[PDB]
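Here's the structure, in structure tokens; my notes come after.
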Amino acid sequence: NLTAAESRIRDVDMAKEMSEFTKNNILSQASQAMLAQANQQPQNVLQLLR
Amino acid sequence: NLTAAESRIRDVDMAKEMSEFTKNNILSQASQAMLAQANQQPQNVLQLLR
Amino acid sequence: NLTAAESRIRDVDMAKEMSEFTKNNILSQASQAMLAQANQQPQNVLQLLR
Amino acid sequence: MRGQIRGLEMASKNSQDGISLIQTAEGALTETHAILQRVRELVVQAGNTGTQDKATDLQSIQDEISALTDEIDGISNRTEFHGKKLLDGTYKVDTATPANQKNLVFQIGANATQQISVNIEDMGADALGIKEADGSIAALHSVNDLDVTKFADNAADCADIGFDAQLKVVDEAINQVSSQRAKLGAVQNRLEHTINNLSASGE
Amino acid sequence: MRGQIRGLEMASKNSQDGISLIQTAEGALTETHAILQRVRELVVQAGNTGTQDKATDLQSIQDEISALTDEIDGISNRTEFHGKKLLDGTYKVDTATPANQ
Amino acid sequence: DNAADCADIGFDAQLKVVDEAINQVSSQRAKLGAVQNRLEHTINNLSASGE
Amino acid sequence: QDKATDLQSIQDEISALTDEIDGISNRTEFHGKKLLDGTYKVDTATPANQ
Amino acid sequence: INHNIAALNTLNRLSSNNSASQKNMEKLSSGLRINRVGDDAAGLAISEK
Amino acid sequence: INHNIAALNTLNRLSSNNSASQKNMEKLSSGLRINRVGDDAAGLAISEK
Amino acid sequence: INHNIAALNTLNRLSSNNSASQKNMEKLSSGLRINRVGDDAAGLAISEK
């Protein structure tokens, strides 16, 4: 019972923590896409310059 | 922890440093546009000459 | 114990050395990107020429 | 404004460095803590074997225990971040003269009084106590565990030979280490919240 | 007219600066709020563990809680925009003397 | 030796005086730019007087 | 976090920056007249010296 | 305006999400949500006694 | 940042877990938790007298 | 006036912005903001000890 309790504290629902892992990766890479699109506006400003 | 600390010192937020890279390029090329327009006034002075 | 010691000297943490391998590749290819962007300024100078 | 901003980025880096310092302390306290687990086992079977084994075998168990102790003093006297020993009594939580506390006041912001204090205290003599540890008890119970030949003299009813007292003070040392680690991890959480705040201020 | 206009552009910039000030306050309140989430968890398992754990372990949980509190006072006493603390009791919604608001 | 409570070793005092120096420099620069604006207005006035 | 030594290194950088401050205040000249230095104290104790 | 993209918040966001992934790895490689002392202090001390 | 992955802790973790597996083999191939002198000293000496 | 365009400041500006881009490349090709000793001295020495 105490090894069970310790486990419920210390251990990980590694299935759930993997779904979370995936999720955080997708959020990172999505933010990276938003960065890629974000760095495209000043060039349009340059098109306006010439 | 010390490799982490060294990294926080030595390394680059290369995403941020790329957004900066882009930015500095756009400022350069914009200044170049301003040069191109700047070299057009003396010719108008010449039009005034003849 | 001596085969262990020799191994600790001679052998490679090939996991770590692969993470390093990847890393050095990314630094190379990144430097190559910086070269690609570096060779774009003289052409803007040419745009200023005409 | 600009000065504030650049000092806020530097504030983020500051708090990150502080977290790392703490993580060093927490690896050290982690290993120390595992040592105290092993010690606790050795005290329990010192309990039974004080009524199965001889004083000799208890001297052997004691040799193992004292070795583990020398590792405790070792970690407390080698654990350094930027060459500054953290675990040792350098940062006594409350010195008798409060001037001597030398508290870890990390920078958290970019302006005055935007700091957080931290304290650490751990070594061999990290057992029970009030202001000092104590004498025959509660300092050596982490340094020189009594299960030498003493333990065969009595079961629990001397308070400095007794099983119950000794083990109680082992669990006390584990309580102090666990408390310290808990505080430090809490500081890490705090500093994380601060990095986010500084990020928004930079925005 | 011209004076009005230039003051209207300045009015736009004014309100934008105000939004930013608020955004600072909202990052601060965001982190404070997440702290209170953690606290709530600690109070719930303080609920059960008040009938599983000892008063000692509740003292440890309490150490974590008080730390989180010191972060609350921290954010309320460090959150500044143009060096002016926003969250603290400087701007009590209704002072007993309304002159002090 | 100390955190903030000597006024000549303290963090808060030192940093406060750094921001003070920045305040004096920024004040100076502000005055000077103001002089530039003033002088611009004067050039325009002189231009009209020349007209 | 750091020792008094590392603070001596930071101090070396700071004092260098200072020597640049005195430098700019003792080199900034227009028509060979130093402007930034104490030549034009805003309010001399003797106002004749302003 | 060019000196300041609004999407710097995407960089703070990206660093935060990365840090999330870092905690995820430290929990999955270890199988422990108490891998580091931080992120659960009380639960640690309970689990340790 | 590229010179330093956070998942180097996965390599220290991986070396530790491997070492655990190594002790496991040394105990299962031998059937002895006192296979090497280390990892139980007092229990050894008791078991030896 | 013809011997002196006001936009010479665009040339000093352009050289400065170019130099910024140069530092950017030296940081991105290297992944190091301490690539050269300059631009962070104290941080270097700390990172070096």
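The way I read the labels, and the way they are meant: chains A, B, ... in the order of the structure tokens, residue 1 as the first residue of every chain, and ligand 1 as the first ligand shown, with later ones counted on from there.
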Margin query: Give me, as a list in words, the residues of segment 51-93 of chain E that a backbone DSSP run labels strand (DSSP E or B).
Written below: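 So the strand (DSSP E or B) residues in segment 51-93 of chain E would be residues 80, 81, 84 and 85 of chain E.
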Dump C-alpha atoms for the selected residues as a PDB file, in the first residue's frame?
```
ATOM      1  CA  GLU E  80       5.699  48.191 -11.719  1.00  0.00           C
ATOM      2  CA  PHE E  81       5.016  50.140 -14.896  1.00  0.00           C
ATOM      3  CA  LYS E  84       4.871  52.772 -10.150  1.00  0.00           C
ATOM      4  CA  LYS E  85       3.519  49.763  -8.292  1.00  0.00           C
TER       5      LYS E  85
END
```
Give the superposed chain J as a compact mmCIF listing (two decimals) with C-alpha atoms, in the first residue's frame, the fit being least squares on chain I over all ordered C-alpha pairs.
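Saved as superposed_16.txt:
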```txt
# COMPACT_ATOMS: atom_id res chain seq x y z
CA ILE J 1 20.06 27.78 -28.26
CA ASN J 2 21.64 24.81 -30.05
CA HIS J 3 24.96 23.96 -28.33
CA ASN J 4 23.02 22.57 -25.34
CA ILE J 5 19.90 20.43 -25.50
CA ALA J 6 17.99 20.16 -22.25
CA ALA J 7 17.76 16.42 -22.90
CA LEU J 8 21.37 15.82 -21.94
CA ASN J 9 19.63 14.89 -18.70
CA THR J 10 18.15 12.08 -20.75
CA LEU J 11 21.72 10.89 -21.36
CA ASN J 12 22.73 10.99 -17.71
CA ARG J 13 19.36 9.40 -16.99
CA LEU J 14 20.04 6.81 -19.68
CA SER J 15 23.48 5.97 -18.31
CA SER J 16 22.01 5.64 -14.83
CA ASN J 17 19.19 3.37 -15.98
CA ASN J 18 21.68 1.32 -17.98
CA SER J 19 23.84 0.96 -14.87
CA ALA J 20 20.73 -0.22 -13.04
CA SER J 21 20.27 -2.88 -15.72
CA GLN J 22 23.93 -3.81 -15.29
CA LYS J 23 23.50 -4.42 -11.57
CA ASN J 24 20.36 -6.38 -12.43
CA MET J 25 22.29 -8.71 -14.74
CA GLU J 26 25.07 -9.14 -12.21
CA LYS J 27 22.43 -10.18 -9.66
CA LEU J 28 20.46 -12.44 -12.00
CA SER J 29 23.42 -14.14 -13.66
CA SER J 30 24.87 -14.71 -10.18
CA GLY J 31 21.70 -15.05 -8.16
CA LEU J 32 23.50 -12.93 -5.54
CA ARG J 33 22.71 -9.42 -4.35
CA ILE J 34 26.17 -9.51 -2.71
CA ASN J 35 27.81 -10.42 -6.04
CA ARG J 36 30.22 -7.53 -5.72
CA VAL J 37 31.36 -6.49 -2.25
CA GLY J 38 29.68 -3.14 -2.80
CA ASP J 39 25.93 -2.50 -2.49
CA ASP J 40 25.80 -4.51 0.76
CA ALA J 41 28.85 -4.37 3.01
CA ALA J 42 27.47 -5.09 6.48
CA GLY J 43 25.19 -7.80 5.12
CA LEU J 44 28.23 -9.30 3.42
CA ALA J 45 30.40 -9.43 6.57
CA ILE J 46 27.50 -10.91 8.55
CA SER J 47 26.92 -13.48 5.80
CA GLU J 48 30.65 -14.25 5.76
CA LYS J 49 31.34 -14.92 9.42
```
Could you please select, counting only C-alpha atoms, the residues of chain A within 8 Å of chain B and state them as an MDAnalysis selection string?
-> chainID A and resid 39 42:43 46 49:50
task = as an MDAnalysis selection string, list the residues of chain D assigned to helix (DSSP H, G or I) by DSSP on the backbone atoms of this structure.
result = chainID D and resid 2:49 55:76 89:91 98:101 140:143 150:153 163:202
Dump C-alpha atoms for the selected residues as a short mmCIF file (atom, residue, chain, number, x, y, z; two decimals), in the first residue's frame?
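Resulting contents of result06.cif:
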```
data_model
loop_
_atom_site.label_atom_id
_atom_site.label_comp_id
_atom_site.auth_asym_id
_atom_site.auth_seq_id
_atom_site.Cartn_x
_atom_site.Cartn_y
_atom_site.Cartn_z
CA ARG D 2 14.95 51.17 -22.15
CA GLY D 3 17.19 50.79 -19.12
CA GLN D 4 14.36 49.11 -17.24
CA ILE D 5 13.76 46.74 -20.16
CA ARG D 6 17.34 45.60 -20.60
CA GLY D 7 17.52 45.11 -16.85
CA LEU D 8 14.37 42.98 -17.11
CA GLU D 9 15.94 40.66 -19.65
CA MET D 10 18.92 40.56 -17.32
CA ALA D 11 16.41 39.89 -14.53
CA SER D 12 15.14 36.84 -16.41
CA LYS D 13 18.68 35.55 -16.88
CA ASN D 14 19.37 36.28 -13.20
CA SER D 15 16.48 34.21 -11.95
CA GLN D 16 17.36 31.39 -14.35
CA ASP D 17 20.89 31.31 -12.94
CA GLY D 18 19.38 31.23 -9.46
CA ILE D 19 17.22 28.24 -10.41
CA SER D 20 20.33 26.46 -11.67
CA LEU D 21 22.22 27.15 -8.43
CA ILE D 22 19.27 25.65 -6.59
CA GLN D 23 19.23 22.61 -8.90
CA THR D 24 22.85 22.00 -7.92
CA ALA D 25 21.82 22.17 -4.27
CA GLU D 26 18.96 19.77 -4.99
CA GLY D 27 21.10 17.15 -6.67
CA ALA D 28 23.37 17.34 -3.64
CA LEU D 29 20.49 17.11 -1.16
CA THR D 30 19.03 14.31 -3.27
CA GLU D 31 22.12 12.16 -2.87
CA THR D 32 22.47 13.09 0.81
CA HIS D 33 18.84 12.12 1.24
CA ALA D 34 19.35 8.71 -0.38
CA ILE D 35 22.28 8.21 1.99
CA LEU D 36 19.95 8.86 4.92
CA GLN D 37 17.59 6.24 3.49
CA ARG D 38 20.41 3.67 3.54
CA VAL D 39 21.35 4.80 7.05
CA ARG D 40 17.76 4.33 8.22
CA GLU D 41 17.83 0.75 6.94
CA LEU D 42 21.11 0.17 8.76
CA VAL D 43 19.55 1.54 11.96
CA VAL D 44 16.52 -0.73 11.69
CA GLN D 45 18.53 -3.91 11.23
CA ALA D 46 20.86 -2.49 13.84
CA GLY D 47 17.67 -2.63 15.88
CA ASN D 48 17.03 -6.33 15.37
CA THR D 49 20.68 -7.34 15.15
CA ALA D 55 28.86 -5.91 19.42
CA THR D 56 31.51 -6.81 16.82
CA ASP D 57 29.04 -7.09 13.94
CA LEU D 58 27.50 -3.84 15.13
CA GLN D 59 30.99 -2.37 14.82
CA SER D 60 31.03 -3.52 11.20
CA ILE D 61 27.61 -2.01 10.50
CA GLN D 62 28.94 1.08 12.24
CA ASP D 63 31.90 1.13 9.85
CA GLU D 64 29.46 1.28 6.95
CA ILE D 65 27.43 3.99 8.71
CA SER D 66 30.42 6.19 9.50
CA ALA D 67 31.52 5.83 5.88
CA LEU D 68 28.12 7.10 4.75
CA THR D 69 28.52 9.96 7.23
CA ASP D 70 31.88 10.92 5.76
CA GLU D 71 30.03 11.10 2.46
CA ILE D 72 27.49 13.45 4.07
CA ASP D 73 30.23 15.80 5.28
CA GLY D 74 31.82 15.27 1.88
CA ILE D 75 28.81 16.48 -0.09
CA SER D 76 28.31 19.35 2.33
CA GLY D 89 27.00 26.42 7.64
CA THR D 90 27.88 29.53 5.61
CA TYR D 91 24.14 30.40 5.39
CA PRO D 98 21.58 38.12 12.52
CA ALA D 99 24.33 40.17 10.83
CA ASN D 100 26.16 36.93 10.01
CA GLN D 101 23.35 35.28 8.03
CA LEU D 140 26.23 12.84 16.44
CA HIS D 141 23.09 10.86 15.60
CA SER D 142 23.91 11.95 12.06
CA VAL D 143 27.69 12.05 12.59
CA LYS D 150 26.21 0.99 23.17
CA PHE D 151 23.05 -0.26 21.52
CA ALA D 152 23.26 -3.66 23.22
CA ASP D 153 23.11 -1.93 26.62
CA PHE D 163 16.68 2.61 19.66
CA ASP D 164 13.64 4.86 19.60
CA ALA D 165 15.59 8.06 20.25
CA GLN D 166 18.27 7.31 17.66
CA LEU D 167 15.84 6.33 14.92
CA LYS D 168 13.64 9.30 15.80
CA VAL D 169 16.61 11.59 15.22
CA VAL D 170 17.45 9.87 11.93
CA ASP D 171 13.91 10.61 10.78
CA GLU D 172 14.45 14.12 12.16
CA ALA D 173 17.51 14.61 9.97
CA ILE D 174 15.51 13.26 7.05
CA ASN D 175 12.82 15.76 8.05
CA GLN D 176 15.26 18.67 7.97
CA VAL D 177 16.73 17.65 4.62
CA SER D 178 13.27 17.05 3.16
CA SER D 179 12.13 20.43 4.49
CA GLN D 180 15.15 22.13 2.94
CA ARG D 181 14.58 20.45 -0.43
CA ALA D 182 10.90 21.40 -0.28
CA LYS D 183 11.76 25.04 0.34
CA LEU D 184 14.27 25.05 -2.50
CA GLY D 185 11.89 23.50 -5.03
CA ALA D 186 9.34 26.08 -3.91
CA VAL D 187 11.89 28.78 -4.72
CA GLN D 188 12.25 27.28 -8.19
CA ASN D 189 8.50 27.52 -8.74
CA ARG D 190 8.53 31.13 -7.51
CA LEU D 191 11.39 32.05 -9.81
CA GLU D 192 9.53 30.48 -12.73
CA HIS D 193 6.53 32.71 -12.05
CA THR D 194 8.94 35.65 -11.93
CA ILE D 195 10.42 34.78 -15.33
CA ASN D 196 6.93 34.83 -16.79
CA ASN D 197 6.17 38.19 -15.16
CA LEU D 198 9.41 39.63 -16.52
CA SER D 199 8.54 38.25 -19.95
CA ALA D 200 5.24 40.12 -19.93
CA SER D 201 6.94 43.28 -18.68
CA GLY D 202 9.33 42.94 -21.61
#
```
Next on the checklist: List as a list in words the protein and nucleic acid residues near segment 36-44 of chain G, meaning an atom at most 9 Å away when only C-alpha atoms are counted, but skip any in the same chain fewer than 3 places from it.
Outcome noted: residues 22, 24, 25, 26, 27, 28, 29, 47, 48, 49 and 50 of chain G
Can I get the selection written as a PDB file, in the first residue's frame, with N, CA and C atoms?
```pdb
ATOM      1  N   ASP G  22      34.735  59.384 -19.384  1.00  0.00           N
ATOM      2  CA  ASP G  22      35.689  60.486 -19.284  1.00  0.00           C
ATOM      3  C   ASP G  22      36.310  60.781 -20.640  1.00  0.00           C
ATOM      4  N   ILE G  24      34.890  60.467 -23.727  1.00  0.00           N
ATOM      5  CA  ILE G  24      33.970  61.232 -24.563  1.00  0.00           C
ATOM      6  C   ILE G  24      33.827  62.644 -24.015  1.00  0.00           C
ATOM      7  N   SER G  25      33.825  62.778 -22.688  1.00  0.00           N
ATOM      8  CA  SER G  25      33.702  64.108 -22.103  1.00  0.00           C
ATOM      9  C   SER G  25      34.970  64.932 -22.287  1.00  0.00           C
ATOM     10  N   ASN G  26      36.097  64.285 -22.596  1.00  0.00           N
ATOM     11  CA  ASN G  26      37.378  64.960 -22.758  1.00  0.00           C
ATOM     12  C   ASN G  26      37.917  64.871 -24.181  1.00  0.00           C
ATOM     13  N   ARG G  27      37.080  64.489 -25.145  1.00  0.00           N
ATOM     14  CA  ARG G  27      37.450  64.497 -26.556  1.00  0.00           C
ATOM     15  C   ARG G  27      36.395  65.192 -27.405  1.00  0.00           C
ATOM     16  N   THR G  28      35.150  65.211 -26.931  1.00  0.00           N
ATOM     17  CA  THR G  28      34.058  65.828 -27.667  1.00  0.00           C
ATOM     18  C   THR G  28      34.325  67.315 -27.831  1.00  0.00           C
ATOM     19  N   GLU G  29      34.673  67.728 -29.048  1.00  0.00           N
ATOM     20  CA  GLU G  29      34.992  69.112 -29.355  1.00  0.00           C
ATOM     21  C   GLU G  29      34.286  69.547 -30.628  1.00  0.00           C
ATOM     22  N   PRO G  47      28.845  83.053 -10.168  1.00  0.00           N
ATOM     23  CA  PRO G  47      28.180  83.038 -11.484  1.00  0.00           C
ATOM     24  C   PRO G  47      28.973  83.694 -12.608  1.00  0.00           C
ATOM     25  N   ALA G  48      30.032  84.444 -12.293  1.00  0.00           N
ATOM     26  CA  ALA G  48      30.886  85.007 -13.331  1.00  0.00           C
ATOM     27  C   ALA G  48      31.554  83.936 -14.178  1.00  0.00           C
ATOM     28  N   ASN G  49      31.774  82.750 -13.621  1.00  0.00           N
ATOM     29  CA  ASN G  49      32.561  81.714 -14.268  1.00  0.00           C
ATOM     30  C   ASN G  49      31.738  80.804 -15.172  1.00  0.00           C
ATOM     31  N   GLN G  50      30.450  81.093 -15.363  1.00  0.00           N
ATOM     32  CA  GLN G  50      29.589  80.162 -16.085  1.00  0.00           C
ATOM     33  C   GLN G  50      29.998  80.047 -17.549  1.00  0.00           C
TER      34      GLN G  50
END
```
Here atom CA of residue 21 of chain C and atom CA of residue 21 of chain B stand apart by 26.0 Å
